[PDB]
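Novice:
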Amino acid sequence: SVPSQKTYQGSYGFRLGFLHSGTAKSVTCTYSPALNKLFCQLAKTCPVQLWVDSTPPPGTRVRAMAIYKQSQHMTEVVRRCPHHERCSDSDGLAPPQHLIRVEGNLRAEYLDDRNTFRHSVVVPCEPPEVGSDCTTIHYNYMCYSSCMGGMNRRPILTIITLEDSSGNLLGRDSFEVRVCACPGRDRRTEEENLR
Ligand SMILES: CCc1cccc2c(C3CCNCC3)c[nH]c12
Ligand SMILES: [Zn+2]
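Quick note: the sequence shown uses PDB author numbering, first residue 96, plus one each step.
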């Protein structure tokens with residue numbers, strides 16, 4: 096009834112990477128290693144790097160899923176709020192209820208789990224472009240952390256899993272997410288609070 100969040104590199108040495116975008120007021124997406132937390136604006140591009148030590152097999156996929164970070168909310172499905180699920184902003188592929196979208200990948204598949212009712216989005220794992228050392232997936236988060244009737248100011252985690260063609264686990268990584276109007280300011284504030 097709750098997805099595992101345990102970091103697991105597995106046989107291929109799977110882990111995530113993030114750009115260094117800084118904390119200027121104008122920044123739209125920024126990652127805090129000290130907090131393991133991504134701060135981003137609504138529906139803006141969030142580049143996430145996929146690193147392995149060796150190439151996994153053809154048919155390997157990469158899934159993203161959100162869960163609530165607090166234990167007392169973790170069995171609740173993370174979904175878009177009653178406003179945003181009705182604002183008709185679909186890309187023609189993502190169901191309007193899904194918080195997490197993949198941008199610019201026509202092979203993205205969106206799952207509503209028949210047993211758990213959780214949402215996820217999965218894409219084929221592709222090797223890096225010639226000249227690149229990793230593959231980047233572009234995610235969008237489609238509600239604010241503060242949306243009433245949705246996340247309702249509750250923190251979430253994104254869990255990224257590397258899966259074989261059957262959906263079996265090959266690797267797992269995760270990060271906290273705050274979707275907010277001013278990611279740069281909020282990252283600076285939370286990093287200072289931590290210090
Ligand atoms: C997970 C995405 C992905 C698929 C296949 C290969 C890679 C690499 C490296 C692995 C070591 N040799 C160069 C590509 C980073 N990321 C990958
Ligand atoms: Zn919302």
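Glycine is no exception: its CB is placed at the ideal position from the N, C-alpha and C atoms.
Would you say the beta carbon of residue 291 comes nearer than 6 Å to a heavy atom of ligand 2?
Specialist: Within the shown structure, residues of the chain are numbered from 96 to 290, placing residue 291 beyond reach of any answer.
Novice: Is it right to say residue 147 is buried, meaning 16 or more other beta carbons lie within 10 angstroms of its own, or is it exposed?
Specialist: Under this definition residue 147 is a buried residue.
Novice: Once DSSP output is grouped into helix, strand and coil, what is the label at residue 285?
Specialist: Three-state DSSP puts residue 285 in a helix.
Novice: List in chain order the residues whose CB is within less than 7 Å of at least one heavy atom of ligand 2.
Specialist: Going by the Cβ distance cut-off, the answer is 175, 176, 178, 179, 238, 239, 242, 245.
Novice: Ligand 1 and residue 125: does the residue's C-beta get closer than 6 Å to at least one heavy atom of that ligand?
Specialist: No, the beta carbon of residue 125 sits no closer than 6 Å to any heavy atom of ligand 1.
Novice: Can you determine whether any heavy atom of ligand 1 sits closer than 6 Å to the C-beta of residue 218, and answer yes or no?
Specialist: Checking every heavy atom of ligand 1 against the Cβ of residue 218, none is found closer than 6 Å.
Novice: Hey, residue 123 and residue 278 are a contact pair by Cβ (cut 8 Å); roughly how many whole angstroms apart?
Specialist: Contact flag correct, Cβ pair sits at about 7 Å.
Novice: Give a single yes or no on whether residue 150 has its beta carbon closer than 6 Å to a heavy atom of ligand 1.
Specialist: Residue 150 Cβ: within cutoff of ligand 1.
Novice: Return the Cβ separation of residue 267 and residue 163 in integer angstroms, given the expectation that the two are a contact with Cβ distance under 8 Å.
Specialist: In fact, because the Cβ distance is near 17 Å, the residues do not count as touching under 8 Å.
Novice: Whole angstroms are fine: how far does the CA of residue 238 sit from the CA of residue 247?
Specialist: Their Cα atoms are separated by approximately 10 Å.
Novice: Could you tell me the alpha carbon to alpha carbon distance between residue 65 and residue 204, rounded to whole angstroms?
Specialist: No answer is possible for residue 65: it lies beyond the span of the chain, which begins at 96 and ends at 290.
Novice: Look at the alpha carbon of residue 186 and the alpha carbon of residue 140, and state the distance between them as a whole number of angstroms.
Specialist: Whole-angstrom Cα-Cα distance: 14 Å.
Novice: Under the DSSP definition of a beta bridge, which residues are partnered with residue 100?
Specialist: Per DSSP, none; premise fails for residue 100.
Novice: Does DSSP put residue 280 in a helix, a strand or coil?
Specialist: It is helical.
Novice: Can you tell me which of 174, 225, 105, 265 puts its alpha carbon nearest to the alpha carbon of residue 243?
Specialist: Here the closest residue by C-alpha is 174.
Novice: With DSSP as the reference, identify every bridge partner of residue 144, one or two as the case may be.
Specialist: In DSSP, residue 144 forms a bridge with 112, 231.
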